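What follows is a single chain, given as structure tokens, in the form deposited in one PDB entry.
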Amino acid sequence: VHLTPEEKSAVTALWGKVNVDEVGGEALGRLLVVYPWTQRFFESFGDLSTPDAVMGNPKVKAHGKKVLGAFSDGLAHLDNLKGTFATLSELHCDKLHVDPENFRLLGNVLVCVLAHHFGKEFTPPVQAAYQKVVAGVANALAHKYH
């Protein structure tokens, strides 16, 4: 099962209610800084060493917007997660072979940057709901191994 319809509506409503622009790119920069060995997967991006060049990297902010749009699709079409996360799941499993706790690190650092960008607009129900939706995203994105 999953959450309440009211709390899943709160999930998509407050994710629409973020400042929709750079939260993904800042989450990428935060992930790569606070865990510096995740960029073994991201060596092809070039600018991955210093945080300032990370924020200036068009590849980093483009990957942030790409993850942001993927989250937008996965939360708009929240009913069928495993239908929406199909090509991304195939890529992450077969081509990328990402170790499945890196999705744990990324989901938790996204939770940290959303807490940073809200403060008083981040109810701990909204935090637990967001932890659940990114756990469901990480499961639907790591299932073709299995």
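Start at 1 with the first residue shown and count on from there. Only the largest set of C-alpha atoms that superpose within 1.5 Å between the two forms is called the rigid core.
Keep in mind the form deposited in another entry is missing from the figure; the text below concerns it.
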CA of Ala135, rigid core aligned, shift of 2 Å or more between the shown form and the other one: no
Residue shift check between the shown form and the other one, rigid core fit, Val113 Cα at least 2 Å: no
Core fit, then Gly69 C-alpha moves 2 Å or more between the shown form and the other one: no
